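Student: One file is attached below, query.cif, containing mmCIF, C-alpha atoms; chains and numbers go by the auth columns.
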data_model
loop_
_atom_site.group_PDB
_atom_site.id
_atom_site.type_symbol
_atom_site.label_atom_id
_atom_site.label_comp_id
_atom_site.label_asym_id
_atom_site.label_seq_id
_atom_site.Cartn_x
_atom_site.Cartn_y
_atom_site.Cartn_z
_atom_site.B_iso_or_equiv
_atom_site.auth_seq_id
_atom_site.auth_asym_id
ATOM 1 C CA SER A 1 52.944 -74.726 -52.876 0.00 1 A
ATOM 2 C CA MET A 2 52.730 -73.697 -49.219 0.00 2 A
ATOM 3 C CA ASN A 3 54.567 -75.980 -46.805 0.00 3 A
ATOM 4 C CA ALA A 4 54.887 -73.880 -43.643 0.00 4 A
ATOM 5 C CA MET A 5 52.871 -71.296 -41.724 0.00 5 A
ATOM 6 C CA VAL A 6 53.088 -69.551 -38.385 0.00 6 A
ATOM 7 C CA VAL A 7 50.072 -68.841 -36.176 0.00 7 A
ATOM 8 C CA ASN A 8 51.294 -66.915 -33.127 0.00 8 A
ATOM 9 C CA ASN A 9 53.458 -69.394 -31.195 0.00 9 A
ATOM 10 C CA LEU A 10 52.579 -72.416 -33.376 0.00 10 A
ATOM 11 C CA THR A 11 54.602 -73.386 -36.482 0.00 11 A
ATOM 12 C CA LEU A 12 52.791 -75.757 -38.885 0.00 12 A
ATOM 13 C CA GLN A 13 54.801 -77.621 -41.503 0.00 13 A
ATOM 14 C CA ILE A 14 54.209 -80.209 -44.211 0.00 14 A
ATOM 15 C CA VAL A 15 57.279 -82.314 -45.123 0.00 15 A
ATOM 16 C CA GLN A 16 57.628 -85.042 -47.772 0.00 16 A
ATOM 17 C CA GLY A 17 59.678 -87.721 -46.075 0.00 17 A
ATOM 18 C CA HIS A 18 59.915 -90.697 -43.738 0.00 18 A
ATOM 19 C CA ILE A 19 58.122 -90.401 -40.402 0.00 19 A
ATOM 20 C CA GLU A 20 60.523 -92.949 -38.906 0.00 20 A
ATOM 21 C CA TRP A 21 63.579 -90.824 -39.915 0.00 21 A
ATOM 22 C CA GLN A 22 62.458 -87.710 -38.105 0.00 22 A
ATOM 23 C CA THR A 23 64.093 -85.843 -35.275 0.00 23 A
ATOM 24 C CA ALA A 24 61.521 -84.276 -32.927 0.00 24 A
ATOM 25 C CA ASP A 25 60.657 -84.311 -29.238 0.00 25 A
ATOM 26 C CA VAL A 26 57.676 -86.533 -30.135 0.00 26 A
ATOM 27 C CA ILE A 27 56.927 -88.762 -33.129 0.00 27 A
ATOM 28 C CA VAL A 28 53.379 -90.033 -33.599 0.00 28 A
ATOM 29 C CA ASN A 29 52.642 -93.662 -34.511 0.00 29 A
ATOM 30 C CA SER A 30 49.333 -94.987 -35.921 0.00 30 A
ATOM 31 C CA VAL A 31 48.331 -98.496 -34.909 0.00 31 A
ATOM 32 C CA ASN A 32 45.726 -101.187 -34.573 0.00 32 A
ATOM 33 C CA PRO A 33 45.852 -101.418 -30.746 0.00 33 A
ATOM 34 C CA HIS A 34 45.826 -105.248 -30.848 0.00 34 A
ATOM 35 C CA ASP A 35 48.666 -105.580 -33.342 0.00 35 A
ATOM 36 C CA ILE A 36 51.231 -102.819 -33.922 0.00 36 A
ATOM 37 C CA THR A 37 53.055 -104.829 -36.661 0.00 37 A
ATOM 38 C CA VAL A 38 50.746 -103.903 -39.581 0.00 38 A
ATOM 39 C CA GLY A 39 50.124 -100.682 -41.537 0.00 39 A
ATOM 40 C CA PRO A 40 52.698 -98.574 -43.383 0.00 40 A
ATOM 41 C CA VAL A 41 53.464 -96.110 -40.573 0.00 41 A
ATOM 42 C CA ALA A 42 53.377 -98.727 -37.821 0.00 42 A
ATOM 43 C CA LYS A 43 55.707 -101.145 -39.679 0.00 43 A
ATOM 44 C CA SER A 44 58.202 -98.332 -40.434 0.00 44 A
ATOM 45 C CA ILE A 45 58.235 -96.983 -36.907 0.00 45 A
ATOM 46 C CA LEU A 46 58.568 -100.443 -35.392 0.00 46 A
ATOM 47 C CA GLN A 47 61.469 -101.395 -37.725 0.00 47 A
ATOM 48 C CA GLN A 48 63.353 -98.214 -36.914 0.00 48 A
ATOM 49 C CA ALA A 49 62.551 -98.049 -33.175 0.00 49 A
ATOM 50 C CA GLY A 50 63.480 -101.698 -32.566 0.00 50 A
ATOM 51 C CA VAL A 51 62.101 -104.638 -30.618 0.00 51 A
ATOM 52 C CA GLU A 52 62.306 -102.947 -27.207 0.00 52 A
ATOM 53 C CA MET A 53 59.659 -100.458 -28.369 0.00 53 A
ATOM 54 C CA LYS A 54 57.152 -103.281 -28.948 0.00 54 A
ATOM 55 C CA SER A 55 57.975 -104.756 -25.548 0.00 55 A
ATOM 56 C CA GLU A 56 57.266 -101.430 -23.785 0.00 56 A
ATOM 57 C CA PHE A 57 54.073 -100.893 -25.822 0.00 57 A
ATOM 58 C CA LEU A 58 52.797 -104.351 -24.789 0.00 58 A
ATOM 59 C CA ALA A 59 53.800 -103.920 -21.158 0.00 59 A
ATOM 60 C CA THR A 60 52.231 -100.493 -20.906 0.00 60 A
ATOM 61 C CA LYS A 61 49.073 -101.661 -22.653 0.00 61 A
ATOM 62 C CA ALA A 62 48.708 -104.594 -20.211 0.00 62 A
ATOM 63 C CA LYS A 63 48.854 -102.221 -17.230 0.00 63 A
ATOM 64 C CA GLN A 64 45.830 -100.192 -18.496 0.00 64 A
ATOM 65 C CA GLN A 65 42.284 -94.823 -24.415 0.00 65 A
ATOM 66 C CA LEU A 66 43.236 -93.153 -27.725 0.00 66 A
ATOM 67 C CA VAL A 67 46.970 -92.489 -27.142 0.00 67 A
ATOM 68 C CA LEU A 68 49.585 -94.744 -25.537 0.00 68 A
ATOM 69 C CA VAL A 69 52.980 -93.175 -24.816 0.00 69 A
ATOM 70 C CA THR A 70 56.332 -94.968 -24.962 0.00 70 A
ATOM 71 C CA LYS A 71 59.963 -93.922 -25.121 0.00 71 A
ATOM 72 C CA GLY A 72 61.476 -93.444 -28.543 0.00 72 A
ATOM 73 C CA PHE A 73 64.147 -96.142 -28.281 0.00 73 A
ATOM 74 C CA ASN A 74 66.138 -96.059 -31.566 0.00 74 A
ATOM 75 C CA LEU A 75 64.010 -93.230 -32.970 0.00 75 A
ATOM 76 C CA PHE A 76 65.406 -89.733 -32.719 0.00 76 A
ATOM 77 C CA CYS A 77 62.686 -88.605 -30.361 0.00 77 A
ATOM 78 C CA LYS A 78 62.058 -88.596 -26.647 0.00 78 A
ATOM 79 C CA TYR A 79 58.559 -90.089 -26.774 0.00 79 A
ATOM 80 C CA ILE A 80 56.316 -91.868 -29.267 0.00 80 A
ATOM 81 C CA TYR A 81 52.594 -91.128 -29.069 0.00 81 A
ATOM 82 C CA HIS A 82 50.815 -94.238 -30.428 0.00 82 A
ATOM 83 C CA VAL A 83 47.364 -93.340 -31.779 0.00 83 A
ATOM 84 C CA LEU A 84 45.088 -96.306 -31.101 0.00 84 A
ATOM 85 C CA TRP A 85 42.496 -97.012 -33.814 0.00 85 A
ATOM 86 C CA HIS A 86 39.930 -98.870 -31.728 0.00 86 A
ATOM 87 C CA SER A 87 37.566 -100.725 -34.092 0.00 87 A
ATOM 88 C CA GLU A 88 34.284 -99.842 -32.381 0.00 88 A
ATOM 89 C CA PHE A 89 34.365 -96.042 -32.854 0.00 89 A
ATOM 90 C CA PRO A 90 33.906 -93.961 -36.006 0.00 90 A
ATOM 91 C CA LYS A 91 37.309 -93.133 -37.509 0.00 91 A
ATOM 92 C CA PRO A 92 36.694 -89.351 -37.896 0.00 92 A
ATOM 93 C CA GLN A 93 35.807 -89.149 -34.206 0.00 93 A
ATOM 94 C CA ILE A 94 38.999 -91.020 -33.243 0.00 94 A
ATOM 95 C CA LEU A 95 41.033 -88.705 -35.459 0.00 95 A
ATOM 96 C CA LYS A 96 39.632 -85.541 -33.925 0.00 96 A
ATOM 97 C CA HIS A 97 39.854 -86.711 -30.305 0.00 97 A
ATOM 98 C CA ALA A 98 43.320 -88.352 -30.695 0.00 98 A
ATOM 99 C CA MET A 99 44.673 -85.126 -32.274 0.00 99 A
ATOM 100 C CA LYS A 100 43.331 -83.065 -29.381 0.00 100 A
ATOM 101 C CA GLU A 101 44.836 -85.493 -26.873 0.00 101 A
ATOM 102 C CA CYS A 102 48.271 -85.468 -28.578 0.00 102 A
ATOM 103 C CA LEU A 103 48.387 -81.689 -28.569 0.00 103 A
ATOM 104 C CA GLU A 104 47.348 -81.386 -24.900 0.00 104 A
ATOM 105 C CA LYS A 105 49.991 -84.007 -24.011 0.00 105 A
ATOM 106 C CA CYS A 106 52.562 -81.703 -25.648 0.00 106 A
ATOM 107 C CA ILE A 107 51.784 -79.062 -23.049 0.00 107 A
ATOM 108 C CA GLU A 108 51.727 -81.677 -20.233 0.00 108 A
ATOM 109 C CA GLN A 109 55.171 -82.962 -21.201 0.00 109 A
ATOM 110 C CA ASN A 110 56.821 -79.640 -22.192 0.00 110 A
ATOM 111 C CA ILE A 111 57.055 -80.697 -25.837 0.00 111 A
ATOM 112 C CA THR A 112 58.406 -78.169 -28.362 0.00 112 A
ATOM 113 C CA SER A 113 58.202 -80.285 -31.542 0.00 113 A
ATOM 114 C CA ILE A 114 55.851 -83.054 -32.620 0.00 114 A
ATOM 115 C CA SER A 115 55.899 -84.880 -35.970 0.00 115 A
ATOM 116 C CA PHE A 116 52.833 -86.694 -37.255 0.00 116 A
ATOM 117 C CA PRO A 117 52.345 -88.935 -40.242 0.00 117 A
ATOM 118 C CA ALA A 118 49.376 -88.170 -42.534 0.00 118 A
ATOM 119 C CA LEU A 119 47.195 -89.269 -39.688 0.00 119 A
ATOM 120 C CA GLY A 120 43.782 -90.637 -40.622 0.00 120 A
ATOM 121 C CA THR A 121 44.573 -91.038 -44.344 0.00 121 A
ATOM 122 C CA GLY A 122 45.000 -94.352 -46.176 0.00 122 A
ATOM 123 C CA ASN A 123 41.802 -95.896 -44.867 0.00 123 A
ATOM 124 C CA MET A 124 38.486 -96.420 -46.589 0.00 124 A
ATOM 125 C CA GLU A 125 36.397 -94.304 -44.187 0.00 125 A
ATOM 126 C CA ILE A 126 38.020 -90.862 -44.264 0.00 126 A
ATOM 127 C CA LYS A 127 38.594 -88.866 -47.457 0.00 127 A
ATOM 128 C CA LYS A 128 42.068 -87.316 -47.539 0.00 128 A
ATOM 129 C CA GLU A 129 40.494 -83.815 -47.630 0.00 129 A
ATOM 130 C CA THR A 130 38.397 -84.625 -44.549 0.00 130 A
ATOM 131 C CA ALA A 131 41.453 -85.874 -42.671 0.00 131 A
ATOM 132 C CA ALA A 132 43.270 -82.648 -43.533 0.00 132 A
ATOM 133 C CA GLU A 133 40.304 -80.527 -42.395 0.00 133 A
ATOM 134 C CA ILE A 134 40.103 -82.356 -39.082 0.00 134 A
ATOM 135 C CA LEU A 135 43.826 -82.130 -38.370 0.00 135 A
ATOM 136 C CA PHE A 136 44.106 -78.456 -39.235 0.00 136 A
ATOM 137 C CA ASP A 137 40.927 -77.690 -37.208 0.00 137 A
ATOM 138 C CA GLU A 138 42.407 -79.282 -34.157 0.00 138 A
ATOM 139 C CA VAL A 139 45.838 -77.676 -34.493 0.00 139 A
ATOM 140 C CA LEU A 140 44.260 -74.230 -34.942 0.00 140 A
ATOM 141 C CA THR A 141 41.820 -74.715 -32.047 0.00 141 A
ATOM 142 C CA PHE A 142 44.770 -75.744 -29.880 0.00 142 A
ATOM 143 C CA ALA A 143 46.682 -72.620 -30.849 0.00 143 A
ATOM 144 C CA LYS A 144 43.666 -70.448 -30.026 0.00 144 A
ATOM 145 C CA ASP A 145 43.142 -72.153 -26.620 0.00 145 A
ATOM 146 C CA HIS A 146 46.830 -72.367 -25.631 0.00 146 A
ATOM 147 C CA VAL A 147 48.287 -69.243 -27.213 0.00 147 A
ATOM 148 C CA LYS A 148 51.442 -69.263 -25.065 0.00 148 A
ATOM 149 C CA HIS A 149 52.598 -72.755 -25.946 0.00 149 A
ATOM 150 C CA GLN A 150 55.466 -72.718 -28.474 0.00 150 A
ATOM 151 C CA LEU A 151 55.201 -75.753 -30.704 0.00 151 A
ATOM 152 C CA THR A 152 56.275 -77.001 -34.108 0.00 152 A
ATOM 153 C CA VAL A 153 53.695 -79.378 -35.572 0.00 153 A
ATOM 154 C CA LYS A 154 54.925 -81.229 -38.661 0.00 154 A
ATOM 155 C CA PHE A 155 52.885 -83.504 -40.952 0.00 155 A
ATOM 156 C CA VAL A 156 55.236 -85.910 -42.679 0.00 156 A
ATOM 157 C CA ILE A 157 53.851 -87.320 -45.952 0.00 157 A
ATOM 158 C CA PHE A 158 55.402 -90.356 -47.616 0.00 158 A
ATOM 159 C CA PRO A 159 57.242 -89.063 -50.704 0.00 159 A
ATOM 160 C CA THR A 160 55.073 -91.022 -53.214 0.00 160 A
ATOM 161 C CA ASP A 161 51.780 -90.051 -51.542 0.00 161 A
ATOM 162 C CA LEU A 162 51.429 -87.055 -53.882 0.00 162 A
ATOM 163 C CA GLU A 163 47.638 -86.777 -53.647 0.00 163 A
ATOM 164 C CA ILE A 164 47.797 -86.654 -49.853 0.00 164 A
ATOM 165 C CA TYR A 165 50.542 -84.022 -50.028 0.00 165 A
ATOM 166 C CA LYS A 166 48.340 -81.885 -52.373 0.00 166 A
ATOM 167 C CA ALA A 167 45.336 -82.221 -50.045 0.00 167 A
ATOM 168 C CA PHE A 168 47.322 -81.153 -46.929 0.00 168 A
ATOM 169 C CA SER A 169 49.026 -78.261 -48.795 0.00 169 A
ATOM 170 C CA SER A 170 45.678 -77.015 -50.124 0.00 170 A
ATOM 171 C CA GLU A 171 44.209 -77.091 -46.619 0.00 171 A
ATOM 172 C CA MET A 172 47.229 -75.174 -45.290 0.00 172 A
ATOM 173 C CA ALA A 173 46.868 -72.522 -47.974 0.00 173 A
ATOM 174 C CA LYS A 174 43.168 -72.117 -47.136 0.00 174 A
ATOM 175 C CA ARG A 175 43.899 -71.721 -43.422 0.00 175 A
ATOM 176 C CA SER A 176 46.698 -69.248 -44.092 0.00 176 A
ATOM 177 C CA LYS A 177 44.344 -67.123 -46.243 0.00 177 A
ATOM 178 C CA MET A 178 41.633 -67.208 -43.546 0.00 178 A
ATOM 179 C CA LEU A 179 44.146 -66.007 -40.972 0.00 179 A
ATOM 180 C CA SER A 180 45.667 -63.189 -43.112 0.00 180 A
#
Step by step, read the file and then write its structure as structure tokens.

Tutor:
Amino acid sequence: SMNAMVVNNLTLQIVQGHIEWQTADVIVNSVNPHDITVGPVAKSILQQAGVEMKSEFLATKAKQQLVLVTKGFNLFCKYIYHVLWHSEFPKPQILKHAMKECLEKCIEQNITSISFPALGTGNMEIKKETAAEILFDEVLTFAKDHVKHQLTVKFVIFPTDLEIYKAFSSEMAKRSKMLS
């Protein structure tokens, strides 16, 4: 099935793999803002990035939002964008607004590649198809509003999350057909 598409200066890719083993300018984490040590993506990123990443997260948080930015530390990225799942807001709203914020931050920081997990999936509030719709909506809106910005956006799906992979790939194929 489809795993990559180009929309003007934006390249969209779906990859089966480990988010924490990516090389990209930015890797996106997904956390409970009060405790970054739980959840499959968060635990993987924290293990790979190392203890100094948690220290910087905590220090930055104490100085203070939907995205908190740290260095990559032992990840092969320059920055980590930590999406903060604040408990008091509806999850679909957080997903949409955090995606928009991440993509704008890419322009702010001269980012050429950003790798996301299957953001917004694996909870009880958002259907996988809904998460895919939201994410693709925001990436395509971004491309329409910032046509000049060259960016590779990759969604990295855990290799055994086959249903999630199918949902993202189906959404890609639909978007590609709409655009052709």

Student: Residue by residue, what does the PyMOL selection byres ((chain A and resi 32-39) around 7) grab here? Present the result as a ChimeraX atom specification.

Tutor: /A:31,40-43,84-86

Student: Take the residues that were just selected and, keeping C-alpha atoms, output them as a tab-separated table (two decimals), keeping the file's coordinate frame.

Tutor:
chain	number	residue	atom	x	y	z
A	31	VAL	CA	48.33	-98.50	-34.91
A	40	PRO	CA	52.70	-98.57	-43.38
A	41	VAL	CA	53.46	-96.11	-40.57
A	42	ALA	CA	53.38	-98.73	-37.82
A	43	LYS	CA	55.71	-101.14	-39.68
A	84	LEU	CA	45.09	-96.31	-31.10
A	85	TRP	CA	42.50	-97.01	-33.81
A	86	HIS	CA	39.93	-98.87	-31.73

Student: Between CA of residue 156 (chain A) and CA of residue 27 (chain A), what distance in Å does the model show, to one decimal?

Tutor: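 About the pair CA of residue 156 (chain A) and CA of residue 27 (chain A): they are 10.1 Å apart.
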
Student: So, with all atoms listed in the file as the atoms that count, which of A:59, A:151, A:14, A:140 lies closest to residue 107 (chain A)?

Tutor: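 Under the stated criterion, the closest residue is A:151.
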
Student: On this structure, the PyMOL selection byres ((chain A and resi 94-97) around 8) would catch which residues? List them as a list in words, sorted by chain and number.

Tutor: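 Going through the file, the PyMOL selection byres ((chain A and resi 94-97) around 8) ends up selecting residues 66, 85, 89, 90, 91, 92, 93, 98, 99, 100, 101, 119, 120, 131, 134, 135 and 138 of chain A.
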
Student: Could you give me, as JSON, numbers by chain, the residues within 8 Å of residue 171 (chain A), counting all atoms listed in the file and dropping anything in the same chain fewer than 2 positions from it?

Tutor: {"A": [129, 132, 133, 136, 167, 168, 169, 173, 174, 175]}

Student: Next, dump the selected residues to file, keeping only C-alpha atoms, as a compact mmCIF listing (two decimals), in the frame of the given file.

Tutor:
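Saved as part-v2.txt:
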# COMPACT_ATOMS: atom_id res chain seq x y z
CA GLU A 129 40.49 -83.82 -47.63
CA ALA A 132 43.27 -82.65 -43.53
CA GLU A 133 40.30 -80.53 -42.40
CA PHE A 136 44.11 -78.46 -39.24
CA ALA A 167 45.34 -82.22 -50.04
CA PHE A 168 47.32 -81.15 -46.93
CA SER A 169 49.03 -78.26 -48.80
CA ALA A 173 46.87 -72.52 -47.97
CA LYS A 174 43.17 -72.12 -47.14
CA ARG A 175 43.90 -71.72 -43.42

Student: In Å to one decimal, how far is CA of residue 180 (chain A) from CA of residue 158 (chain A)?

Tutor: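 So the answer is 29.2 Å.
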
Student: Written as a ChimeraX atom specification, what is the full residue list that the PyMOL selection byres ((chain A and resi 74) around 10) yields on the file shown?

Tutor: /A:20,45-53,71-73,75-78

Student: Just write the chosen residues, C-alpha atoms, as a PDB file, in the coordinates of the input.

Tutor:
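File again06.pdb, as written:
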ATOM      1  CA  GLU A  20      60.523 -92.949 -38.906  1.00  0.00           C
ATOM      2  CA  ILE A  45      58.235 -96.983 -36.907  1.00  0.00           C
ATOM      3  CA  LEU A  46      58.568-100.443 -35.392  1.00  0.00           C
ATOM      4  CA  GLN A  47      61.469-101.395 -37.725  1.00  0.00           C
ATOM      5  CA  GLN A  48      63.353 -98.214 -36.914  1.00  0.00           C
ATOM      6  CA  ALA A  49      62.551 -98.049 -33.175  1.00  0.00           C
ATOM      7  CA  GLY A  50      63.480-101.698 -32.566  1.00  0.00           C
ATOM      8  CA  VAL A  51      62.101-104.638 -30.618  1.00  0.00           C
ATOM      9  CA  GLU A  52      62.306-102.947 -27.207  1.00  0.00           C
ATOM     10  CA  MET A  53      59.659-100.458 -28.369  1.00  0.00           C
ATOM     11  CA  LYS A  71      59.963 -93.922 -25.121  1.00  0.00           C
ATOM     12  CA  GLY A  72      61.476 -93.444 -28.543  1.00  0.00           C
ATOM     13  CA  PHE A  73      64.147 -96.142 -28.281  1.00  0.00           C
ATOM     14  CA  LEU A  75      64.010 -93.230 -32.970  1.00  0.00           C
ATOM     15  CA  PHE A  76      65.406 -89.733 -32.719  1.00  0.00           C
ATOM     16  CA  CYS A  77      62.686 -88.605 -30.361  1.00  0.00           C
ATOM     17  CA  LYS A  78      62.058 -88.596 -26.647  1.00  0.00           C
TER      18      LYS A  78
END

Student: Ranking A:64, A:152, A:87, A:170 by minimum distance to residue 10 (chain A) and counting all atoms listed in the file, which one comes first?

Tutor: A:152

Student: Could you check which of A:4, A:109, A:55, A:165 is closest to residue 121 (chain A), using all atoms listed in the file?

Tutor: A:165

Student: Would you mind reading off the distance between CA of residue 104 (chain A) and CA of residue 60 (chain A), one decimal, in Å?

Tutor: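 Distance reported for this atom pair: 20.1 Å.
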
Student: For each of A:12, A:164, A:67, A:102, take the minimum atom-to-atom distance to residue 128 (chain A), counting all atoms listed in the file, then give the residue where this is smallest.

Tutor: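 Closest to residue 128 (chain A) of all the choices is A:164.
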
Student: Using all atoms listed in the file, which of A:65, A:80, A:163, A:172 sits nearest residue 23 (chain A)?

Tutor: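 Going through A:65, A:80, A:163, A:172 one by one, the smallest distance to residue 23 (chain A) is for A:80.
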
Student: From the list A:28, A:124, A:179, A:153, which residue is nearest residue 11 (chain A) when using only C-alpha atoms?

Tutor: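 Answer, going by the shortest atom-to-atom distance: A:153.
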
Student: Kindly write region 72-128 of chain A with C-alpha atoms to a file, as an mmCIF file, in the first residue's frame.

Tutor:
data_model
loop_
_atom_site.group_PDB
_atom_site.id
_atom_site.type_symbol
_atom_site.label_atom_id
_atom_site.label_comp_id
_atom_site.auth_asym_id
_atom_site.auth_seq_id
_atom_site.Cartn_x
_atom_site.Cartn_y
_atom_site.Cartn_z
ATOM 1 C CA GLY A 72 17.660 15.381 21.605
ATOM 2 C CA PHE A 73 20.468 14.161 23.866
ATOM 3 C CA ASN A 74 21.226 10.537 22.842
ATOM 4 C CA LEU A 75 18.534 10.567 20.147
ATOM 5 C CA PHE A 76 19.653 11.185 16.597
ATOM 6 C CA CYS A 77 17.804 14.465 16.378
ATOM 7 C CA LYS A 78 18.462 18.084 17.190
ATOM 8 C CA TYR A 79 15.253 18.703 19.142
ATOM 9 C CA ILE A 80 12.450 16.685 20.718
ATOM 10 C CA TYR A 81 8.965 18.195 20.603
ATOM 11 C CA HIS A 82 7.084 16.766 23.619
ATOM 12 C CA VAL A 83 3.320 16.802 23.008
ATOM 13 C CA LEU A 84 1.645 17.438 26.359
ATOM 14 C CA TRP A 85 -1.643 15.577 26.904
ATOM 15 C CA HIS A 86 -3.204 17.859 29.501
ATOM 16 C CA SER A 87 -6.071 15.979 31.194
ATOM 17 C CA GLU A 88 -8.646 18.780 31.170
ATOM 18 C CA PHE A 89 -9.029 19.211 27.384
ATOM 19 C CA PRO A 90 -10.682 16.938 24.820
ATOM 20 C CA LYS A 91 -8.059 14.691 23.208
ATOM 21 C CA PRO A 92 -9.064 15.412 19.561
ATOM 22 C CA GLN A 93 -8.672 19.134 20.221
ATOM 23 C CA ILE A 94 -5.206 18.592 21.740
ATOM 24 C CA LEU A 95 -4.223 16.463 18.756
ATOM 25 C CA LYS A 96 -5.272 19.052 16.202
ATOM 26 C CA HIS A 97 -3.755 22.044 18.010
ATOM 27 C CA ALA A 98 -0.504 20.225 18.999
ATOM 28 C CA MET A 99 -0.019 19.107 15.359
ATOM 29 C CA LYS A 100 -0.468 22.672 14.131
ATOM 30 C CA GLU A 101 1.978 23.946 16.747
ATOM 31 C CA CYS A 102 4.627 21.316 15.870
ATOM 32 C CA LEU A 103 4.441 22.174 12.192
ATOM 33 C CA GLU A 104 4.675 25.947 12.773
ATOM 34 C CA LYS A 105 7.660 25.332 15.087
ATOM 35 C CA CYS A 106 9.342 23.566 12.145
ATOM 36 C CA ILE A 107 9.277 26.822 10.212
ATOM 37 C CA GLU A 108 10.377 28.821 13.305
ATOM 38 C CA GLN A 109 13.385 26.559 13.839
ATOM 39 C CA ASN A 110 14.339 25.913 10.178
ATOM 40 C CA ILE A 111 13.416 22.235 10.453
ATOM 41 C CA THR A 112 13.636 20.082 7.305
ATOM 42 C CA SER A 113 12.543 16.720 8.764
ATOM 43 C CA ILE A 114 10.192 15.807 11.592
ATOM 44 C CA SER A 115 9.255 12.277 12.699
ATOM 45 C CA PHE A 116 6.089 11.619 14.669
ATOM 46 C CA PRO A 117 4.803 8.493 16.330
ATOM 47 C CA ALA A 118 1.187 7.481 15.590
ATOM 48 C CA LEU A 119 0.183 10.523 17.541
ATOM 49 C CA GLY A 120 -3.227 10.400 19.200
ATOM 50 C CA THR A 121 -3.704 6.632 18.741
ATOM 51 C CA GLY A 122 -3.657 4.034 21.529
ATOM 52 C CA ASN A 123 -6.097 5.870 23.766
ATOM 53 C CA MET A 124 -9.746 5.190 24.439
ATOM 54 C CA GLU A 125 -11.067 8.547 23.174
ATOM 55 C CA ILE A 126 -9.840 8.780 19.578
ATOM 56 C CA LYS A 127 -10.533 6.128 16.933
ATOM 57 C CA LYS A 128 -7.421 5.338 14.890
#
